[PDB]
Amino acid sequence: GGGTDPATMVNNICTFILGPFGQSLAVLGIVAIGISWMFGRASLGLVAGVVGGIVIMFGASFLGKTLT
Amino acid sequence: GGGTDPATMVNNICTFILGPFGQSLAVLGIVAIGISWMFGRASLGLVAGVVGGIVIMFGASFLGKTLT
Amino acid sequence: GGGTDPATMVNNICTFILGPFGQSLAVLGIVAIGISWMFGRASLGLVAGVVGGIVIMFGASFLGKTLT
Amino acid sequence: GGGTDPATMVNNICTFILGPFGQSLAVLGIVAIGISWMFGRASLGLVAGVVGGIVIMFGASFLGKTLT
Amino acid sequence: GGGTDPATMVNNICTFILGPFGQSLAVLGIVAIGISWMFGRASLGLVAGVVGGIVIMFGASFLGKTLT
Amino acid sequence: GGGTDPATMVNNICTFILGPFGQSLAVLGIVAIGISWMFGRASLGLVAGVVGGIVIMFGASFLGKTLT
Amino acid sequence: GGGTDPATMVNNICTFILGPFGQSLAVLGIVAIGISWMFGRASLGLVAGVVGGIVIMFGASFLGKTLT
Amino acid sequence: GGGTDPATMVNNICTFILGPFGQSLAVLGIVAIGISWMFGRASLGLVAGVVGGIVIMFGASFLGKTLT
Amino acid sequence: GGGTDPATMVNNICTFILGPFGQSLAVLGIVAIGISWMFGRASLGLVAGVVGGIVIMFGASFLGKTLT
Amino acid sequence: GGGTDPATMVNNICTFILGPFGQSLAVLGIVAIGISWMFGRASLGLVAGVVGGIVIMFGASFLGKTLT
Amino acid sequence: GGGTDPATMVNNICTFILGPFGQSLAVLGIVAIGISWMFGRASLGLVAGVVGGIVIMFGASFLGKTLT
Amino acid sequence: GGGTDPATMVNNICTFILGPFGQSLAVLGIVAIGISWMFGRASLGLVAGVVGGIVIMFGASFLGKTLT
Amino acid sequence: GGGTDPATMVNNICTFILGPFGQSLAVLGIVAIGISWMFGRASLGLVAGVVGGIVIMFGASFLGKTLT
Amino acid sequence: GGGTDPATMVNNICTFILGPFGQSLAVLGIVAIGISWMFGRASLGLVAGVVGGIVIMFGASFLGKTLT
Amino acid sequence: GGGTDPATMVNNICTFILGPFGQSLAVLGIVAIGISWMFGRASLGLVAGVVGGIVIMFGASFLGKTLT
Ligand SMILES: CCCCCC/C=C\CCCCCCCC(=O)OC[C@H](COP(=O)(O)OC[C@H](O)CO)OC(=O)CCCCCCC/C=C\CCCCCCCC
Ligand SMILES: CCCCCC/C=C\CCCCCCCC(=O)OC[C@H](COP(=O)(O)OC[C@H](O)CO)OC(=O)CCCCCCC/C=C\CCCCCCCC
Ligand SMILES: CCCCCC/C=C\CCCCCCCC(=O)OC[C@H](COP(=O)(O)OC[C@H](O)CO)OC(=O)CCCCCCC/C=C\CCCCCCCC
Ligand SMILES: CCCCCC/C=C\CCCCCCCC(=O)OC[C@H](COP(=O)(O)OC[C@H](O)CO)OC(=O)CCCCCCC/C=C\CCCCCCCC
Ligand SMILES: CCCCCC/C=C\CCCCCCCC(=O)OC[C@H](COP(=O)(O)OC[C@H](O)CO)OC(=O)CCCCCCC/C=C\CCCCCCCC
Ligand SMILES: CCCCCC/C=C\CCCCCCCC(=O)OC[C@H](COP(=O)(O)OC[C@H](O)CO)OC(=O)CCCCCCC/C=C\CCCCCCCC
Ligand SMILES: CCCCCC/C=C\CCCCCCCC(=O)OC[C@H](COP(=O)(O)OC[C@H](O)CO)OC(=O)CCCCCCC/C=C\CCCCCCCC
Ligand SMILES: CCCCCC/C=C\CCCCCCCC(=O)OC[C@H](COP(=O)(O)OC[C@H](O)CO)OC(=O)CCCCCCC/C=C\CCCCCCCC
Ligand SMILES: CCCCCC/C=C\CCCCCCCC(=O)OC[C@H](COP(=O)(O)OC[C@H](O)CO)OC(=O)CCCCCCC/C=C\CCCCCCCC
Ligand SMILES: CCCCCC/C=C\CCCCCCCC(=O)OC[C@H](COP(=O)(O)OC[C@H](O)CO)OC(=O)CCCCCCC/C=C\CCCCCCCC
Ligand SMILES: CCCCCC/C=C\CCCCCCCC(=O)OC[C@H](COP(=O)(O)OC[C@H](O)CO)OC(=O)CCCCCCC/C=C\CCCCCCCC
Ligand SMILES: CCCCCC/C=C\CCCCCCCC(=O)OC[C@H](COP(=O)(O)OC[C@H](O)CO)OC(=O)CCCCCCC/C=C\CCCCCCCC
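Residues numbered from 1 in each chain as written, not as in the entry; some residues may be left out. Chains lettered and ligands numbered in written order. Heavy atoms only, no water.

As stated in the entry header, the method of structure determination is cryo-EM and the reported resolution is 3.0 Å.

Below, the structure written as structure tokens:
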């Protein structure tokens, strides 16, 4: 009919999230951490969490390859 | 007629989930944990759950063999 | 129907927060740090946190680009 | 008799939800998140969920196209 | 029979919440933050959350338009 | 039946909190700050928080009008 | 026989719930929120929910008229 | 048969909770706040919550009348 | 069956806590404040909190009567 | 035959639950709250719930009479 | 057949929990509070909760008798 | 089947924690307090907490006996 | 035919669960609590639940005898 | 058919978790505590929880034997 | 299918965190402690925590081996 590879679809999701959409998300994540420092009180834990989340999320393909 | 081994079919499901489809799923799992840290607050429990789920899911054949 | 790019929407959020709205937020952040010194006791840590938050929040696009 | 394309009807639902009705829903979603911050306590997770839901819901056509 | 536009109804909800009812809610929000400072201890985070919630809730139409 | 304007009710809450009940609350707030200085150690931050909370809470209508 | 307007009956339910019975319910709602603060810990969210529920429930006729 | 006014029953609940039973509850609430200061550390927020809960709970009839 | 007044039970709790059990608790509270000064550093705030808690807890009946 | 009053049977259930069986249940309820404080962390809400449940359960006859 | 008093069974549970089993539990509760001070930081609240839980749990019969 | 006394098991836990395992824990507790003084700043409160925790934890049987 | 005592079968289940199979289950329960502390955050409640479950499960015969 | 001892399977799980897989888990637990100190602030409680979890998890067989 | 050893995967995580990724993390940890001294006030406790975290995190394999 009009089907496609399930592997292709999940790969499309990986492609979309790690494309320009992910770059815009990364910008908003840095915006959020900036505001949290701004109208709250600065902390090393919060910047570590946000930056670490960005590193983990964009490294998902390579982190998955290392996990095999 | 046109039948096949039920054991072969269940083995095909094991083959498919642990093939490229599982690798793409593993990438999306790391994407999800990255975003959860990103727009939430980082926690060791959540990364342990996601990474442990990936380890369990790809180790299913070997974990099953150990269970005999 | 009436949809649009998800990437465009997240880019619109980046545009809005870093536009005149962010400038007004930056003013209020400097207001808050001024009052904290004013009716409290001055400290280098608090001004560093507020100013650093402003630098991080407006530098989000460029900080994200450096993170790639 | 008086039938029509099932594809047209489902496309009409996509058109209606993403039209002015969706814009009004988007306004009420931002109203709800504003009140939740207002009479509760502000959190980055809740604004991320509401804004992300709006992005996902209006991006449904394009997200579906990427999924093919 | 006696129906009406669903878009009109959702627009009526937007009109009602952002009308005099929202102004009275905004007053009570400032009352709540005043009492929290009053019988608790003052903090910049709590006033930022309450004021930000008011800004978000009344800006819902314009924030939604920017999200398109 | 026996309903009334929701706007009237929220306005009644604004009227009640800012009436004689608020004046009595304001007295107790000054009592609390006096005792905190009394059996603790005097500080400018605590009096600023309590007095600022009273100013914010009674100025809620006018602060809300300025926020429009 | 001995029938009546279904519209009258539903209007009677609206009349009864919004009459003295609703006033007594409103008193018990304020009793419940008082006890929750009393033998628990005070929170702005819980008073907002209870008071908002009272406002919504007595404003049902007018809220319904606005929805048309 | 042996029925009675539902309004009377809800009024009976209001009468019972605000009678001698409520006075005994008020005593236990002051006992609880005293012990919390006693074997913990004193705070203005906790006494405000307990005392405010007592004021709200006994003022339920009058608070409800003001809400109309 | 074998029931009793709920008011009597709550009054029994008031009687028990304010009886010899409360006197023994008062002794342990003074023990705790003595040790805190002993193996820590003396402060007027801590003795005020403990002594104030004892005064509040034993004065609960009379404090409740004043609140009416 | 060998029937009896349904009212007598329901009254027998009221008699049994409020007799020595209820006293033993009351002891176990205080045991449960003691252990919850013991191997958990003490809270005023939990003791209020357990003690309030005992007061409500033994006051059922009198609470029902007040409800008429 | 082989039944027994439900009151006896609930009394047996009261007997068992308050017997040597409860004494051993009391020892472990003091062990837990000792370790919490040991590998954490000492606090009066935690010892009050654990000791109070032991007092409440072993006093359940007498506390229940006072509640009648 | 293969059961045993619940009292014996809880007594076994008391035996194990207060045996050589507790002695090794006591050594590590003194190690921790030594390092806290070492790479921090010495304080009488911290040594009192750690030593008091050891005294409480090993005295659990005798402290429980005194509580009866 | 080939039947047996229903009492024997239920006793066989009691024998099997409390035999070597229960010992292996007890080991896995301690494994689970160790990992929960390990990749989460330690808490006294969770160890109390797991250890208490083991005590209850192996004490089932004796706990049942006490219940008669 | 192709069955095996349920006791053997649960023993296999005990063998697997306490084998090389557990050693690798122990390494990751020490990694996690190191990072928590690293990008957060050092605390004795967190290292006690992680190390205690490792001790409990690998001691599960012997801890279970002591519980009998 | 496409599975692998769960032990290998957990060992891969140990390999990845302790490889070049850990070296880069170690650099950022020293960066963070430098900035904390820089825009705050120097303290021996904070450098001890950060350096100790690095020592613990890279020593995880050897610390785990010592724990056996
Ligand atoms: C593309 C870069 C994205 C990061 C933006 C960096 C730019 C720029 C980052 C730094 C820009 C601001 C510099 C001044 C900030 C400051 O000094 O603020 C004073 C506040 C005072 O607050 P308070 O009174 O409450 O006391 C809290 C403290 O106890 C006492 O000080 O102290 C702090 O908060 C701690 C300092 C945090 C430093 C974070 C650096 C992170 C860099 C890098 C971190 C690397 C994260 C690694 C993540 C893991 C990756 C696997
Ligand atoms: C051949 C082995 C098959 C099993 C695979 C084991 C491999 C490997 C199993 C473990 C591999 C992952 C280790 C890290 C997992 C983790 O730490 O995740 C954090 C999440 C955080 O989530 P959240 O925020 O929602 O809070 C939920 C909790 O309250 C707070 O933590 O915590 C948990 O979920 C609890 C931990 C469950 C541990 C299960 C071990 C089962 C082993 C053995 C179980 C034996 C089962 C016995 C069955 C009965 C037999 C008769
Ligand atoms: C074509 C793409 C279609 C998917 C749309 C993705 C676009 C875009 C997807 C992401 C766009 C929104 C980003 C921000 C969302 C957010 O951060 O919200 C905060 C809320 C806060 O709520 P709360 O307080 O209740 O706490 C709940 C949590 O415990 C604490 O956070 O946290 C969450 O809900 C968890 C985050 C879910 C992330 C889902 C990503 C799925 C992507 C991909 C998933 C792949 C699915 C694979 C399916 C299987 C396939 C075989
Ligand atoms: C229509 C205006 C509505 C706001 C009312 C402003 C009027 C008036 C606002 C200010 C009126 C009071 C001035 C004095 C308050 C004070 O100095 O209190 C001392 C307390 C002492 O407490 P403690 O001992 O616990 O130590 C806590 C601190 O660490 C040490 O000080 O310090 C503080 O709390 C921090 C100061 C907060 C300042 C908030 C200003 C917000 C303005 C504007 C904020 C803009 C919010 C933007 C939201 C986002 C929008 C997108
Ligand atoms: C007829 C009026 C009915 C309401 C009764 C008002 C009377 C009277 C209402 C106020 C009477 C009590 C005043 C003192 C209460 C107090 O200060 O308590 C300290 C506790 C401390 O607890 P903790 O340690 O856990 O920390 C929790 C906080 O983070 C730190 O403080 O702080 C609070 O709980 C927050 C304060 C809530 C204020 C609610 C006002 C609602 C009014 C009006 C609300 C308007 C609701 C609008 C609903 C929506 C309508 C569309
Ligand atoms: C004619 C208007 C009819 C609606 C009545 C609105 C009037 C008035 C509506 C608002 C009047 C009450 C305002 C204060 C309510 C409040 O703040 O309560 C605190 C409780 C605290 O509870 P808790 O502790 O359990 O934590 C739960 C939350 O996680 C933490 O907060 O928080 C909430 O519940 C979330 C807030 C819900 C806001 C709903 C607004 C809906 C409006 C509009 C919705 C639009 C619906 C669109 C439907 C789809 C249409 C296609
Ligand atoms: C019938 C009266 C019932 C109240 C009992 C009053 C009797 C008597 C009330 C007062 C009797 C005790 C007086 C001395 C208490 C004391 O000084 O303790 C020192 C502790 C030290 O602790 P720490 O080291 O942790 O530092 C915490 C602080 O930051 C530093 O000090 O400081 C405090 O806790 C703050 C002081 C709270 C004062 C509360 C008064 C409430 C009155 C009235 C409140 C009105 C409540 C209004 C509710 C809303 C109504 C709508
Ligand atoms: C026959 C009497 C039955 C009750 C047993 C009373 C005996 C005796 C009752 C008291 C015996 C113990 C006294 C010391 C307990 C303690 O101080 O513990 C410290 C813990 C510390 O924990 P954490 O660190 O987590 O911080 C939690 C708090 O925020 C900070 O403290 O603080 C608490 O838990 C709050 C104190 C609760 C007090 C409950 C009294 C109830 C009495 C009476 C209640 C009346 C109930 C009315 C019910 C409704 C009736 C209609
Ligand atoms: C003849 C009277 C019959 C009623 C018995 C009242 C006697 C007496 C009723 C009250 C006697 C007990 C007083 C103390 C109870 C308590 O404070 O418990 C703490 C628990 C803690 O639990 P947790 O940790 O899980 O957190 C759950 C909450 O989120 C945090 O607190 O909090 C609660 O449960 C909420 C309080 C419920 C109050 C119900 C009052 C109903 C009265 C009246 C209700 C009117 C009902 C109207 C029905 C509709 C009629 C049309
Ligand atoms: C059979 C007895 C069982 C109890 C064991 C007592 C033996 C022995 C109990 C005492 C043995 C140790 C004595 C030295 C402890 C110490 O001084 O530690 C310093 C730490 C420093 O920590 P940090 O820096 O974090 O600052 C925290 C403080 O703010 C500053 O100090 O200060 C404390 O923690 C407060 C002191 C608590 C005292 C508790 C006594 C309870 C007795 C009796 C309590 C009675 C409980 C009543 C319960 C309710 C009953 C209804
Ligand atoms: C022959 C005796 C049979 C019973 C075995 C008792 C032996 C022994 C029974 C007790 C043995 C274990 C003691 C320690 C258990 C524990 O403390 O666990 C911590 C968990 C933590 O879990 P979490 O994080 O999810 O938070 C859940 C809670 O909110 C926070 O704590 O807390 C609990 O679960 C509540 C405690 C339940 C206590 C049940 C006692 C029942 C006795 C007697 C009950 C009587 C029953 C009456 C029935 C009605 C009769 C008419
Ligand atoms: C194979 C060994 C695994 C452990 C690694 C040990 C190696 C190495 C462990 C030690 C390596 C680092 C040494 C310097 C650390 C330091 O001094 O940091 C300063 C920070 C400053 O932070 P802040 O400003 O926030 O103030 C927090 C404090 O209040 C003030 O200081 O102080 C601390 O955090 C307390 C010190 C914790 C010491 C933990 C030792 C655990 C050992 C052994 C613990 C035994 C655990 C037993 C578990 C139970 C077993 C049944």
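Still more ground to cover, so stick around.
Colleague: Any details on the overall build of chain A? Residues and values, ideally.
Modeller: Each helix and strand in chain A was counted, giving four helices and zero strands. Listing every helix and strand of chain A by position from the N terminus yields α-α-α-α. Over its C-alpha trace chain A gives a radius of gyration of 16 Å, far above what one expects of a compact globule, namely 11 Å for 68 residues. With the principal axes as the frame, chain A shows a C-alpha extent of 55 × 25 × 15 Å. A total of 68 residues make up chain A; the buried ones form 50% of that total. On chain A, roughly 2,900 Å² of surface is accessible, and the fraction owed to carbon and sulfur atoms is 67%. (Helix = DSSP H or I, 4+ residues; strand = E, 2+ residues; numbered from the N terminus. Rg over C-alpha atoms; globule rule 2.2 N^0.38 Å. Buried < 20%, exposed > 50% of the residue type's maximum accessible area, 1.4 Å probe, protein only. Areas by Shrake-Rupley, 256 points an atom, 1.4 Å probe, with all protein chains shown as cover.)

Colleague: Describe the relation of the copies chain B and chain A, with residues and values.
Modeller: Of the two same-sequence chains, chain B is brought onto chain A (RMSD 0.0 Å, axial shift 13 Å) by a rotation of 33°. Looking at the interface residues of chain B, only 16% of them are also at the interface in chain A, so each copy uses its own face. (Least-squares fit on C-alpha atoms. Contact = heavy atoms within 4.5 Å.)

Colleague: Tell me about the interface of chain G and chain H, residues and numbers included.
Modeller: Taken together, the contact pairs 19 residues of chain G with 24 residues of chain H. Interface of chain G and chain H: buried area, both sides summed, is about 1,900 Å²; carbon and sulfur atoms make up 85% of it. Seen at the junction of chain G and chain H, the total is zero salt bridges. For the pair chain G and chain H, the number of links is one residue pair in polar contact. Of all the secondary structure elements, the ones that give two or more residues to the side of chain G that touches chain H are α2 (20-38) and α3 (44-58) of chain G. A per-element tally of the side of chain G that touches chain H places α2 of chain G first, with 13 residues. (Buried area = accessible area lost by both parts, 1.4 Å probe. Salt bridge = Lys/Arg side-chain N within 4 Å of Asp/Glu carboxyl O. Polar contact = N/O pair within 3.5 Å; in protein donor to acceptor, adjacent residues only side chain to side chain.)

Colleague: Explain the environment of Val 10 of chain C to me, using residue names and the numbers behind them.
Modeller: Relative to the elements of secondary structure, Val 10 of chain C occurs in helix α1 (residues 6-17). Remark: the alpha-carbon pair of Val 10 of chain C and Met 57 of chain C, spanning 47 residues in sequence, is separated by 15 Å.

Colleague: Account for the site of ligand 12, naming residues and giving values.
Modeller: Near ligand 12 you find 21 residues, and of these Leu 25 and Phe 39 of chain L, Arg 41 and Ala 42 of chain N together with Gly 45 of chain O are the closest. Around ligand 12, the nearby residues trace back to chains L, N and O. One of the backbone N or O atoms of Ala 42 of chain N is found 3.0 Å from an oxygen atom in ligand 12. Residue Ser 43 of chain N places a main-chain N or O atom 3.4 Å away from an oxygen atom belonging to ligand 12. Bound to the protein, ligand 12 loses 76% of the 1,100 Å² it would expose on its own. Secondary structure elements with two or more residues in the shell around ligand 12: α2 (20-38) of chain L, α3 (44-58) of chain N together with α3 (44-58) and α4 (60-67) of chain O. It is α2 of chain L that contributes the most residues to the shell around ligand 12, five residues altogether. Residues belonging to the shell around ligand 12 are distributed by class as follows: 13 nonpolar, seven polar and one charged. (Near = heavy atom within 4 Å. Nonpolar A, V, L, I, M, F, W, Y, C, P; charged D, E, K, R; others polar.)

Colleague: Before we move on, could you go through the relation of the copies chain G and chain H and cite the residues and values that matter?
Modeller: Overlay of chain G on chain H (RMSD 0.0 Å): rotation 33°, translation along the axis 13 Å. When the interface residues of chain G are mapped onto chain H, a mere 16% of them again fall at the interface, so the copies present different faces.

Colleague: I'd love a proper account of the packing of aromatic side chains, names of residues and values included.
Modeller: Residues and elements named next belong to chain J. Going through the model one piece at a time under the given rule, you end up with 15 aromatic pairs over all chains. Taking the centre distance of 4.6 Å and the plane angle of 25° together, the rings of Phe 16 and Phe 21 count as stacked. For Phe 16, a relative accessible area of 38% gives the class partly exposed. Note on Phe 21: relative accessible area 15%, which makes it buried. (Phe/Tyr/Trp six-rings, centres within 6.5 Å; stacked < 30°, edge-to-face > 60°.)

Colleague: Requested: an account of the UniProt feature "transmembrane region" in chain A, with residues and values cited.
Modeller: All names here are of chain A. On the UniProt side, "transmembrane region" is annotated at positions that read residues 15-35 and 44-64 here. Between the end C-alpha atoms of residues 15-35 there is a gap of 29 Å, over a span that is 90% helix and 0% strand. The span residues 44-64 is 95% helix and 0% strand, and its two end C-alpha atoms sit 27 Å from each other. (UniProt positions renumbered as here; feature names shortened; annotations may be inferred.)

Colleague: Pulling in residues and values, what's your account of the interface of chain B and chain A?
Modeller: If you look at the interface, chain B gives 19 residues, while chain A gives 24 residues. Across the interface of chain B and chain A, roughly 1,900 Å² is buried in total on both sides, 85% from carbon and sulfur atoms. Counting every contact that joins chain B to chain A gives zero salt bridges. The interface formed by chain B and chain A contains one residue pair in polar contact. Every element with two or more residues in the side of chain B that touches chain A is listed here: α2 (20-38) and α3 (44-58) of chain B. The element best represented in the side of chain B that touches chain A is α2 of chain B, accounting for 13 residues. By residue class, the composition of the side of chain B that touches chain A is 16 nonpolar, three polar and no charged.

Colleague: Summarise the site of ligand 11; cite the residues concerned and give the values.
Modeller: Lining the immediate environment of ligand 11, one finds 17 residues, of which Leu 25, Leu 28 and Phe 39 of chain J together with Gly 45 and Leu 63 of chain M sit closest. Near ligand 11, residues from chains J, K and M are present, making the site a shared one. Here ligand 11, which alone exposes 1,100 Å², has 58% of that area covered by the protein. If you list the elements that add at least two residues to the shell around ligand 11, you get α2 (20-38) of chain J, α1 (6-17) of chain K together with α3 (44-58) and α4 (60-67) of chain M. Looking at which element gives the most residues to the shell around ligand 11, the answer is α2 of chain J, with five residues.

Colleague: Break down the packing of helix α1 (residues 6-17) of chain I against helix α3 (residues 44-58) of chain J for me, citing the residues and quoting the values.
Modeller: Where α1 of chain I meets α3 of chain J, the closest approach of the two axes is 9 Å, and the angle between their N-to-C directions is 145°. Regarding α1 of chain I and α3 of chain J, the two cross each other, and that crossing is right-handed. Residues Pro 6, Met 9, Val 10 and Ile 13 of chain I of α1 of chain I form the contact with α3 of chain J, whose own contacting residues are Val 51, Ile 54, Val 55 and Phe 58 of chain J. Each residue belonging to the contact of α1 of chain I with α3 of chain J can be placed in one class, and the counts come to eight nonpolar, no polar and no charged. (Axes fitted to C-alpha atoms, helices over the stretch in contact; angles between N-to-C directions. Left-handed = near helix turned anticlockwise from the far one by under 90°.)

Colleague: Explain the side chain of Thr 4 of chain I residue by residue, including any values.
Modeller: When you line up the elements, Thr 4 of chain I lands in the segment before α1. With sequence-adjacent residues up to four places away left out, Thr 4 of chain I is seen in contact with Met 9 of chain I, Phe 58, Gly 59 and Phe 62 of chain J together with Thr 68 of chain K.

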